[PDB]
Structure formats: structure tokens, C-alpha cells
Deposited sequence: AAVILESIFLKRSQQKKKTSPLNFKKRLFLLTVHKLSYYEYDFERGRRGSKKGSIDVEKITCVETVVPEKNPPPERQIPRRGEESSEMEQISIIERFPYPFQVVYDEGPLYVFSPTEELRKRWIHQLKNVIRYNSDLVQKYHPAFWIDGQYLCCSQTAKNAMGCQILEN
């Protein structure tokens, strides 16, 4: 359908097991009123490559910022040459909460994260399962850092 937003983000992959070590992938994200989709970006030709996956907008319960990592690697650190840094540095995380727990996405800028959150909140406005609570920190190594709850589906420890 009609593309609301199109961006290059760093995403934290869903793992085989919660113990398994984290993997981050650079992908192009597409937002429509029906889907949040992601692709392997074709840099050379300047196009979206292969679709890797999608989340139905109706399945989204929450969209918020996430408290940043205590000590991120350079790829997720605050930058400097604008065209370059907007595709190399991804310091601003946000979460897309759905059926299969939270999806963690890293924006190159604060402004782009704000645009994505603003638009994602609007496309989810008429959803049923919209939660009023959320986890401000990341689920990492079998637990959320903000409340120590050990279930990805656990109810939010903070009111939004």
C-alpha cells in the first residue's frame, strides 16, 4: 500500500535461544498502514533488495523509545560527515512491541526515531491489544533490565 516511511536502521535479530549472543543487522524498513516490513538493502543499485520479513500493524501493542545501552560498540555510539554517519552510526533505539515480544530498532538520528514513533503510534491508533504499560529498557540475556522480569510477554513495568 501507500509508503508512510522508508529508512535504513540497525535491528537486533530475534534469537534461536534467549541465552544465544546478540546479532545486529543493517536493513531497510518500510511502514504502510498494513505492515512494518524489512529488507536486505541493495546499496549498489539504490533499491530495496529481498524482503526479509514483516509485522502486521494490527499485531502491534506498543511503540516507544528504549533506554540506550550502557556501553554501546562504535556502530551504536553518538557521532562525523552527515551522509556517512546516517548509514554507519545507529545510536537511537526504539521498540516495536507485538505478539512475539519486542523488536529492537536503532535509528541513526533522534529526529528520525521521533518521526518513526509518531507515525507508528498513528497507524496503531485503532488497534485492540494496545497496552498502557511498557518496559523502558531492553530484554537482554533472559530478562528485562528495567524490572528483571524473565518473560518477553511480561506486562510493562512503567506506565506510558
query: Unmodelled intervals of the deposited chain, in order; finding: 80-86, 168-169
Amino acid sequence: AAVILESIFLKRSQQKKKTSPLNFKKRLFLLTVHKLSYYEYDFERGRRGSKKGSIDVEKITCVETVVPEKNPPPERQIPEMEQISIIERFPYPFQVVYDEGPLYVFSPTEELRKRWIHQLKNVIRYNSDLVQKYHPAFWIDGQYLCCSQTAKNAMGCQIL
From here on, numbers count along this sequence of modelled residues.
| query | finding |
| --- | --- |
| Average Cα temperature factor in the PDB entry - higher stretch of 122-130, 35-43 | 122-130 |
| Higher-scoring stretch by recorded Cα B factor average, 150-158 or 4-12 | 150-158 |
| Third of the chain's Cα B-factor distribution that residue 75 belongs to, per the entry | middle |
| Ranked against its chain, the third holding the CA B-factor of residue 101 | highest |
